[PDB]
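Read the single chain below, which is given as C-alpha cells and is the form deposited in one PDB entry.
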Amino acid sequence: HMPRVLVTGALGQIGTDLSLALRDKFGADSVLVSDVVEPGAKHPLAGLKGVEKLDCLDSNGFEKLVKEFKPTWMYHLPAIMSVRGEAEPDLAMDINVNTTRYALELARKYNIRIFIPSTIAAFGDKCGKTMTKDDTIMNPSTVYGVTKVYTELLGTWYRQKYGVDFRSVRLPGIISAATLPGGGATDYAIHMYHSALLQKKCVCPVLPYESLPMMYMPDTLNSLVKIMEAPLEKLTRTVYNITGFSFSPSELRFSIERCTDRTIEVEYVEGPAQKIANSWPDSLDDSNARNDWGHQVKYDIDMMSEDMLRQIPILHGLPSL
C-alpha cells in the first residue's frame, strides 16, 4: 500500500540522502532516482540500481521516464542555487523556470503528487528578517531567488487551476556531513567543521554575527517525507517555511569549540556569501508547518555539532576527536 517515488536532481546533497531514505522506507523498486550526470565513482549511490541519466531540459525523455515508471510522488529537486546562479544565470533560468513548468505539466498529466522545494533565497531585505512569516514581501536579490518566487506561485496556480497536488517548503540552510565545502552561501559552516577536525585556519566569508535559519539533514529528511505523507485536507497552503534553529558563524564556532575543547583559528573575511546572506532572514516562523502537518526538529546546534564531528572523519577520512 505504498507510493511510487520519482526523484529528479538526485545527485545533489538533499537528493542523495533523500533517495537513500526513501529506498529504505519504501523499498528500492518503489523508488526511481535520476540526474543529468552519472554518480561519480565514490558517490554514495554509485553502483546502485534504479538510478538514471536524464536531462530534465529534454522534455520528451522526462515524460518517457514518467510514462514508464508511473510515479505517484515526485520530488523535483534540480536547481542552480544562489551563488552559482549569479555566475550561470542562463542555466538557473532554464533549470529553475523551464524544468519546473515541465514537471508541473507532467504532474498534471500523470496525476502525480509533486514536491518542488523553494528556499530562504526567495526572500530579500524587505521580508521582515526576524521570524519571517509564510506570507510577506518577496524581493529576492539573486536570480535563484527570483526563480523560486515564480516556482511557488506557478505551482500554487497549478493546484488551483488543475488540482495538481503541489507541495513545497522554503528550505533553510541545510547542514550534512556528506557535503563538501566550496563557495555555496552556507558552505562556511561545513568548512568550519573541517577546519576544526584538521586543526587548520578557517577563513570565513560570512560575518560573525550574520544569523541564518538552518537545519541538520536528518530533520530535513523527516520533514520532506512527512509533508508528502500528509493528507491533502490537512494542508492550508502549498508552500511552508520550515526551520530547525538559527545561528551565526560565531555561534557555530562556539558550538564546535565547546564539543572539541579546541579553539579554531578563524578569520572573518567577507566574501560573496555575505551580501547574499545579509539579504536573507535571520530566522523563520514555521508555525503553519508545525500545525498543519507536524514538522518537528530533534537536533539543536550542539547535537548537530557532536554528530558532524563524529561523521565527517568516517565519511571523508579527516582526523577524528
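Don't overthink the numbering: it's just position in the shown sequence, from 1. The term rigid core refers to the most C-alpha atoms you can superpose between the two forms while keeping them within 1.5 Å.
The form deposited with a small molecule bound exists for this protein as well; it is not shown, and the discussion that follows is about that form.
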Segment assignment from 130-138, 199-207, 228-236, 181-189: heavy atom within 4.5 Å of the small molecule in the entry with it bound: 181-189
Candidate from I95, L104, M74, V143 lying within 4.5 Å of the small molecule in the entry with it bound - any heavy atom: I95
Option touching the small molecule, based on a heavy atom within 4.5 Å in the entry with it bound, out of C259, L57, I264, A28: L57
Distance check, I112 to the small molecule in the entry with it bound, heavy atom within 4.5 Å: no
Interface membership of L22, the small molecule in the entry with it bound, 4.5 Å heavy atom rule: no
is_contact(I14, the small molecule) in the entry with it bound, heavy atom dist at most 4.5 Å: yes
Interface membership of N241, the small molecule in the entry with it bound, 4.5 Å heavy atom rule: no
Of the candidates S168, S223, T151, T179, the only Cα that travels 2 Å or more between this form and the one not shown, given a rigid-core fit: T179
